[PDB]
>>> print(open('upload.csv').read())   # CSV, C-alpha atoms and all ligand atoms
chain,number,residue,atom,x,y,z
B,1,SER,CA,97.8,60.9,97.4
B,2,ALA,CA,100.3,58.8,99.4
B,3,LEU,CA,99.8,57.4,102.9
B,4,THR,CA,102.5,56.0,105.2
B,5,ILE,CA,101.8,54.1,108.4
B,6,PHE,CA,104.4,52.8,110.9
B,7,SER,CA,104.3,50.9,114.2
B,8,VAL,CA,105.0,52.4,117.6
B,9,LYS,CA,107.8,50.0,118.5
B,10,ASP,CA,109.7,50.5,115.3
B,11,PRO,CA,109.4,53.6,112.9
B,12,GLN,CA,111.6,52.2,110.1
B,13,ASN,CA,108.9,49.4,109.7
B,14,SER,CA,105.8,50.3,107.7
B,15,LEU,CA,102.8,48.1,108.4
B,16,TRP,CA,100.8,49.7,105.6
B,17,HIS,CA,102.3,51.4,102.5
B,18,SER,CA,100.1,52.5,99.6
B,19,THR,CA,98.9,55.5,97.6
B,20,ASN,CA,95.1,55.5,97.0
B,21,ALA,CA,92.5,58.3,97.2
B,22,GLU,CA,89.6,56.0,98.3
B,23,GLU,CA,91.6,53.2,100.0
B,24,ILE,CA,93.2,56.0,102.0
B,25,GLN,CA,90.1,57.5,103.5
B,26,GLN,CA,88.6,54.0,104.1
B,27,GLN,CA,91.8,53.2,106.1
B,28,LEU,CA,91.8,56.2,108.4
B,29,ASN,CA,88.0,56.9,108.2
B,30,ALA,CA,87.6,53.3,109.3
B,31,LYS,CA,89.4,54.4,112.5
B,32,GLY,CA,86.9,57.2,113.1
B,33,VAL,CA,88.7,59.7,110.9
B,34,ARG,CA,86.8,62.4,108.9
B,35,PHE,CA,87.3,62.8,105.1
B,36,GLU,CA,85.9,65.0,102.3
B,37,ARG,CA,86.7,66.9,99.1
B,38,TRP,CA,85.4,70.4,98.3
B,39,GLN,CA,86.0,72.3,95.0
B,40,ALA,CA,85.2,75.7,93.5
B,41,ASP,CA,82.6,76.2,90.7
B,42,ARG,CA,84.2,79.3,89.2
B,43,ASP,CA,87.5,79.3,87.3
B,44,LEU,CA,90.4,80.4,89.5
B,45,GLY,CA,93.7,81.8,88.1
B,46,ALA,CA,96.0,84.5,89.5
B,47,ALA,CA,95.3,84.1,93.2
B,48,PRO,CA,98.1,85.8,95.2
B,49,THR,CA,96.1,86.0,98.4
B,50,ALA,CA,94.0,83.2,100.0
B,51,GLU,CA,91.7,85.7,101.6
B,52,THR,CA,89.7,85.5,98.3
B,53,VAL,CA,90.2,81.7,98.1
B,54,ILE,CA,88.8,81.0,101.6
B,55,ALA,CA,85.8,83.3,100.7
B,56,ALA,CA,85.1,80.9,97.8
B,57,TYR,CA,84.9,78.0,100.3
B,58,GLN,CA,83.9,79.9,103.4
B,59,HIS,CA,80.3,78.9,102.6
B,60,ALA,CA,81.3,75.2,103.2
B,61,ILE,CA,83.1,75.9,106.5
B,62,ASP,CA,80.4,78.4,107.3
B,63,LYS,CA,78.2,75.4,107.9
B,64,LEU,CA,80.8,73.5,110.1
B,65,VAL,CA,81.6,76.6,112.3
B,66,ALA,CA,77.9,77.4,112.5
B,67,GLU,CA,77.3,74.3,114.6
B,68,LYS,CA,80.7,74.2,116.3
B,69,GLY,CA,80.8,78.0,116.5
B,70,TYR,CA,84.4,78.1,117.6
B,71,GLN,CA,85.8,81.1,119.5
B,72,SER,CA,87.4,82.4,116.3
B,73,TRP,CA,88.4,81.3,112.8
B,74,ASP,CA,91.6,82.0,110.9
B,75,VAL,CA,94.1,80.4,108.5
B,76,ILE,CA,97.7,79.4,109.1
B,77,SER,CA,100.0,80.6,106.3
B,78,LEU,CA,103.0,82.9,106.7
B,79,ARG,CA,105.8,83.8,104.2
B,80,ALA,CA,108.9,81.6,104.0
B,81,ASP,CA,110.7,84.8,104.9
B,82,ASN,CA,109.7,84.6,108.6
B,83,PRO,CA,112.6,82.8,110.5
B,84,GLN,CA,110.2,81.9,113.4
B,85,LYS,CA,108.3,79.5,111.1
B,86,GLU,CA,110.5,76.6,112.2
B,87,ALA,CA,110.3,77.6,115.8
B,88,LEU,CA,106.5,77.9,115.5
B,89,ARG,CA,106.1,74.3,114.4
B,90,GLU,CA,108.5,73.3,117.2
B,91,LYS,CA,106.4,74.6,120.2
B,92,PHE,CA,103.5,72.8,118.4
B,93,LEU,CA,105.5,69.6,117.9
B,94,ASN,CA,104.8,68.7,121.5
B,95,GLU,CA,102.1,66.0,121.6
B,96,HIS,CA,98.7,66.8,123.1
B,97,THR,CA,94.9,66.5,122.9
B,98,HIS,CA,92.0,69.0,122.7
B,99,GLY,CA,88.5,68.6,124.3
B,100,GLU,CA,87.1,69.4,120.8
B,101,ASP,CA,87.6,68.1,117.3
B,102,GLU,CA,90.6,69.7,115.4
B,103,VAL,CA,89.4,70.3,111.8
B,104,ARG,CA,92.2,71.1,109.4
B,105,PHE,CA,91.4,72.0,105.7
B,106,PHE,CA,94.3,72.4,103.3
B,107,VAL,CA,94.0,75.3,100.8
B,108,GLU,CA,97.5,75.4,99.3
B,109,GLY,CA,101.1,74.1,100.0
B,110,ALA,CA,101.8,70.6,101.3
B,111,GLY,CA,102.7,69.6,104.9
B,112,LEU,CA,102.5,66.4,107.0
B,113,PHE,CA,99.7,64.6,108.8
B,114,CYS,CA,100.0,62.6,112.0
B,115,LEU,CA,97.0,60.7,113.6
B,116,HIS,CA,97.8,58.5,116.7
B,117,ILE,CA,94.9,56.3,117.8
B,118,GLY,CA,95.3,53.4,120.2
B,119,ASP,CA,98.8,51.9,119.7
B,120,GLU,CA,99.5,52.8,116.1
B,121,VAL,CA,100.5,55.9,114.1
B,122,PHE,CA,99.2,57.3,110.8
B,123,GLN,CA,101.1,59.6,108.4
B,124,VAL,CA,99.4,61.1,105.3
B,125,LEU,CA,101.3,63.1,102.7
B,126,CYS,CA,99.2,64.6,99.9
B,127,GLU,CA,97.8,68.1,99.4
B,128,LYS,CA,94.2,67.9,98.2
B,129,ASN,CA,91.3,70.3,99.0
B,130,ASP,CA,90.3,67.3,101.2
B,131,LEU,CA,90.4,67.8,104.9
B,132,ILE,CA,90.9,65.5,107.9
B,133,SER,CA,89.3,66.1,111.3
B,134,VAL,CA,90.8,64.7,114.5
B,135,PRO,CA,88.4,63.5,117.3
B,136,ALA,CA,88.6,65.2,120.7
B,137,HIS,CA,90.7,63.2,123.2
B,138,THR,CA,92.9,61.6,120.5
B,139,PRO,CA,96.7,62.0,120.9
B,140,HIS,CA,98.3,63.9,117.9
B,141,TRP,CA,100.8,66.6,117.0
B,142,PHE,CA,101.6,68.8,113.9
B,143,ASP,CA,104.9,69.5,112.1
B,144,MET,CA,105.5,71.5,108.9
B,145,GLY,CA,109.3,71.0,108.6
B,146,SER,CA,109.6,72.6,105.2
B,147,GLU,CA,107.1,75.4,104.9
B,148,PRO,CA,107.1,77.5,101.6
B,149,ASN,CA,104.0,79.6,102.5
B,150,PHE,CA,101.3,77.0,103.0
B,151,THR,CA,97.6,78.0,103.0
B,152,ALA,CA,95.4,76.1,105.5
B,153,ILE,CA,92.3,76.7,107.6
B,154,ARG,CA,92.5,76.4,111.4
B,155,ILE,CA,90.2,77.2,114.3
B,156,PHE,CA,91.2,79.5,117.2
B,157,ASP,CA,90.9,77.9,120.7
B,158,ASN,CA,92.4,78.5,124.1
B,159,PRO,CA,94.9,76.3,125.9
B,160,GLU,CA,92.9,75.4,129.0
B,161,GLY,CA,90.7,73.8,126.3
B,162,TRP,CA,93.5,71.2,125.5
B,163,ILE,CA,96.0,69.4,127.8
B,164,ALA,CA,99.8,69.6,127.2
B,165,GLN,CA,100.6,65.8,127.2
B,166,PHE,CA,99.2,62.6,128.8
B,167,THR,CA,102.5,60.7,129.5
B,168,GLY,CA,105.0,63.5,128.9
B,169,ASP,CA,107.0,61.7,126.2
B,170,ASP,CA,107.5,63.4,122.9
B,171,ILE,CA,106.9,60.8,120.1
B,172,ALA,CA,105.9,63.5,117.7
B,173,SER,CA,109.5,64.8,117.7
B,174,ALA,CA,110.2,61.5,115.9
B,175,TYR,CA,108.7,62.6,112.4
B,176,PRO,CA,109.1,66.5,112.8
B,177,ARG,CA,111.2,66.8,109.8
B,178,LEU,CA,109.3,67.0,106.5
B,179,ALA,CA,110.8,65.2,103.4
Y,1,NI,NI,96.3,69.7,117.9
>>> encode(input="upload.csv", output="structure tokens", more="lines below")
Ligand code: NI
Amino acid sequence: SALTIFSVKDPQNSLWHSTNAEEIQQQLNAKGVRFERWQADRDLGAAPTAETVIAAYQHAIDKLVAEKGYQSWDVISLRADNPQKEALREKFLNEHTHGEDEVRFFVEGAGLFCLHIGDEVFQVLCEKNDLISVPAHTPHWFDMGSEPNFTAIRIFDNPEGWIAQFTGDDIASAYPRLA
């Protein structure tokens, strides 16, 4: 798994470039970031739909949602045929912050990660069954630039729950393009 981190004053400058599985979590998790890795016990093979895949891990999230009983639960994954996929990540590109934690578990496909805490930025690029949770009140965004039908688990929340922006600047629009 790779992990790129840049400063806020200059993006072309990386203050921490490395690819470790443990040294990665220790870096972000050291900043209050969540980390974990779940796997299936049965042998998977021809899985055309994730509906069956999530059911194999639902038990795991079934415990997380049980306490944080969110309003609803669903997964984000459309077909690369939808032309609004790029427009969808755009409206989400705007920076923001939710009053609750934003748990994101990856099930298939690779995307991009962006955790902004204090004056620094974090960019993770690796698709493992591992997930990362963002704390409530932490500035962050989300961009899937190239999306080939990615399978991920997201929670359903209302807007009045999160605020649009704190300063109004869009720094996220800086790394919105994937690869
Ligand atoms: Ni968010």
>>> closest_atom_pairs(input="upload.csv", of="chain B", to="ligand NI 1 (chain Y)", cutoff="9 Å", atoms="all atoms listed in the file", output="Markdown table")
| residue | atom | partner | partner_atom | distance |
| --- | --- | --- | --- | --- |
| B:92 | CA | Y:NI1 | NI | 7.9 |
| B:95 | CA | Y:NI1 | NI | 7.8 |
| B:96 | CA | Y:NI1 | NI | 6.4 |
| B:97 | CA | Y:NI1 | NI | 6.1 |
| B:98 | CA | Y:NI1 | NI | 6.5 |
| B:101 | CA | Y:NI1 | NI | 8.9 |
| B:102 | CA | Y:NI1 | NI | 6.2 |
| B:134 | CA | Y:NI1 | NI | 8.2 |
| B:139 | CA | Y:NI1 | NI | 8.3 |
| B:140 | CA | Y:NI1 | NI | 6.1 |
| B:141 | CA | Y:NI1 | NI | 5.5 |
| B:142 | CA | Y:NI1 | NI | 6.7 |
| B:162 | CA | Y:NI1 | NI | 8.2 |
>>> residues_around(input="upload.csv", residues="range 67-83 of chain B", least_positions_apart="4", cutoff="8 Å", atoms="only C-alpha atoms", output="ChimeraX atom specification")
/B:63,87,147-157
>>> residues_around(input="upload.csv", residues="residue 86 in chain B", least_positions_apart="6", cutoff="9 Å", atoms="all atoms listed in the file", output="list in words")
residues 144, 145, 146 and 147 of chain B
>>> atom_distance(input="upload.csv", atom1="CA of residue 56 in chain B", atom2="CA of residue 100 in chain B")
25.8 Å
>>> atom_distance(input="upload.csv", atom1="CA of residue 176 in chain B", atom2="CA of residue 89 in chain B")
8.5 Å
>>> residues_around(input="upload.csv", residues="residue 123 in chain B", least_positions_apart="4", cutoff="7 Å", atoms="all atoms listed in the file", output="PyMOL selection string")
chain B and resi 3-5+113-115
